[PDB]
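Each reported figure results from applying straightforward, stated rules to the coordinates on display, with no laboratory input. FYI the Cβ positions are ideal-geometry reconstructions off the backbone, even for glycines, and counts take in every protein chain you see.
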Amino acid sequence: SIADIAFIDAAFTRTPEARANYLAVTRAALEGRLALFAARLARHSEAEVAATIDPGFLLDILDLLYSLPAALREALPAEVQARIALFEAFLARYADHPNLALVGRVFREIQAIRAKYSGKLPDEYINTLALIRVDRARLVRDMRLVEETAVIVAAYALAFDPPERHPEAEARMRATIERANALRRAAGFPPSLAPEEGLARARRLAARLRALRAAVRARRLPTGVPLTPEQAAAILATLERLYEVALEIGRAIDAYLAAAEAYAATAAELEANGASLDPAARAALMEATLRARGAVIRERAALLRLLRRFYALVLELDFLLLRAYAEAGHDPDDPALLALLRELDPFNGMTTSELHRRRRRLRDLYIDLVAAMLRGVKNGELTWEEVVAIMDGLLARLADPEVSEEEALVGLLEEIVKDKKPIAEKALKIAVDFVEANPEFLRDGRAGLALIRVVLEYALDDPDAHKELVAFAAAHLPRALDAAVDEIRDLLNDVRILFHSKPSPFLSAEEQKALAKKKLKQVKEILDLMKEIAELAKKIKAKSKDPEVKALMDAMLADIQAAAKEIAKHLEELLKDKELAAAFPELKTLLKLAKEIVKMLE
């Protein structure tokens, strides 16, 4: 986030202008985060919120809260203070909820620190202990991601490296897991992965990757399916790309563990000695601790960009295998190909990490949709020249870490259903099924809204035939709109932050103004989706003869009027800052479009 770049800036440049920028950014980010929480607490029951709300969202609020000096926090306006009290009451109540357990432990540790040390020791020493508790909740989650990623690093090493270098790759793997369990114990947790459980998973995967390469070398897949010379070459190129990214990731993991160990050492020293030091030596040890913390943030961000690249290459390899089965006359949905693709799943059996559980599921959706599009080529419904134009789009949209994987896959649906081709029906079925089975998909608003538009444009032709699709659309639109209004608040608040923010050696002004224009574009795209959906629900309501269909269409038009009003309110509050409004005139075009949506429905 922007708050991380500003924090890095402040902890390394050490200027009054840098801390100033960081404190303003951290305050603005926090105000935005607390507004989203209050909106989410208002839309449902505390029990529903507690079971569905992203834990990381609550960790982000604790992080920003104790990144302020206590003085700045207790000085925040009353509605921010009201939101902080609402937030704290909610965490106190649901600290034991399975969904919130990690955040709950963090909240109880901070409550305990305040009970023990308040008033006796300096408040910004206490804030530093509070941040340390939050960051140790982040190190548990990061240690999950690192334990999983070490299995991929070791697998690609064992599989493609000469057998002489295999012990070394095993030593590294063991060292990594051991370093991770050591870190876990420092923060006060038990060890999660066993150095053998993991080496076992890595050896299995290495066997499969070795097999695939040996077979492709021989113009076939391990299932026996023959390959063309060109496709074999592409598979072998993709495998060498995966091997390369796996080396970069091994290095990034070592960088992350080094930073993490530095932060854990300096923090343990602050907790051990800080109370007894003199003010100057204590201020020096807090400075040291914040600089190590900045290193951890930088090295984590590096590893995650490389992981997004690895994922995109994983999906490209999956495409190549599905295409080969289709050129050989088989159906790309053959149980044998699916078995192969599951054996080559780099995110299997390590079900400890939010990022990889989410990506494993989306991979299944992607395989199912690509299969649909291929079975569609065989039926003459699509051309290979069409498929190869869609796939080049999708794989680039996926490599970019600025596009959500969910919005990328929804684009794949958009391409397949556009021509209202007969394969469209099966594609929608896969998608509608996935969303019912995996309701978290609708945390991404732009994605969800785009799916609803697909379903309605599909059902526009004959509304009454496809009445299940129209019901799915009506049932899921409120959640999609909630997530969309949330995204527009995030995007607009970030725009205001990037305007008042100060050019940094990590954010050029040209990068800040460019990023601002990109976010304002995303806001326009979401308002455009909202309009399109209303146009479609109106047409559906006219054409249709059924009366409860018409009821649902009015329900949807009502939820959309609410959403657009609630969005115009926020745009207006941002237009009160006339310097901002000056710098970005798009903000005015956006409010016009939002109000045109409030009239189309009046």
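With +1 on each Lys and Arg Cβ and -1 on each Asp and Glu Cβ, how big is the dipole of the chain about its Cα centre, in debye rounded to the nearest 20?
Details: 89 positive and 94 negative charges, 154 e Å.
Dipole about the Cα centre, nearest 20: 740 debye.
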Kindly write out, for the stretch 230-243 in residue order, the coupling ³J(HN,Hα) from the Karplus curve 6.51 cos²θ - 1.76 cosθ + 1.60 (θ = phi - 60°), rounded to whole Hz, with x marking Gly and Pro.
-> 5, 5, 4, 4, 5, 5, 5, 4, 4, 5, 6, 4, 5, 4
Summed over the other residues with a beta carbon less than 13 angstrom from that of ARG453, with K and R at +1 and D and E at -1, the charge totals -3
Could you tell me the convex hull volume per residue, in Å³, taken over the Cα atoms of the stretch 268-327?
-> 63 Å³
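For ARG363, what charge total do you get from the other residues with a beta carbon under 13 Å from its beta carbon, if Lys and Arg give +1 and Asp and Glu give -1?
Details: positive: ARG342, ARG357, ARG358, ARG359, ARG360, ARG361; negative: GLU316, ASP318, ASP345, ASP364, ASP368, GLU405, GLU406.
Once positives and negatives cancel, what remains is -1.
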Using alpha carbon centroids, what distance separates the stretch 427-464 and the stretch 293-307, in Å?
-> 34 Å
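What ranking, highest mean first, results for peptides 588-597, 92-101, 133-142, 64-73 when packing means the other Cβ atoms within 10 Å averaged over each residue? All intermediate terms of the calculation are to be shown ahead of the outcome.
Numbers: 588-597: 17.2, 92-101: 15.4, 133-142: 20.8, 64-73: 18.8.
Most protected by this proxy first, the peptides run 133-142, 64-73, 588-597, 92-101.
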Arrange the peptides 357-369, 413-425 so that the one whose residues have, on average, the most other Cβ atoms within 10 Å appears first.
-> 357-369, 413-425
Alpha carbon centroid spacing (whole Å) that separates the stretch 361-391 from the stretch 515-590 | 32 Å
Cross-link partners among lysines for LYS120, C-alpha distance below 17 Å, same-chain residues fewer than 8 apart left out?
-> none
Specify which residue in the list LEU290, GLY198, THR266 is farthest towards the positive end of the charge dipole of the stretch 194-308, using unit charges on the beta carbon of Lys, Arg (+1) and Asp, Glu (-1), about the Cα centre.
-> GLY198
Work through the residues other than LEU41 whose Cβ is under 15 Å from its Cβ and net out their charges, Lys, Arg +1 and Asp, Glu -1.
-> -1
Please report the relative contact order for the stretch 444-602, taking Cα pairs under 8 Å with a sequence separation of at least 6, and give it as a percent rounded to a whole number.
-> 28 percent
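Between their Cα atoms, which of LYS378/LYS543; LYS429/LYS595; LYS467/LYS569; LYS418/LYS521; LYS517/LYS541 are more than 31 Å away from each other?
Beyond 31 Å between Cα atoms: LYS378/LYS543; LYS429/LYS595; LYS467/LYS569; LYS517/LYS541.
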Per-peptide average of other Cβ atoms within 10 Å, ordering 165-175, 242-252 highest first | 242-252, 165-175
In terms of modelled amide H atoms, which long-range or inter-chain residues lie less than 5 Å from the amide H of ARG220?
-> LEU227
Output the relative contact order of the chain, whole-number percent, from Cα pairs under 8 angstrom with separation of 6+ residues.
-> 11 percent
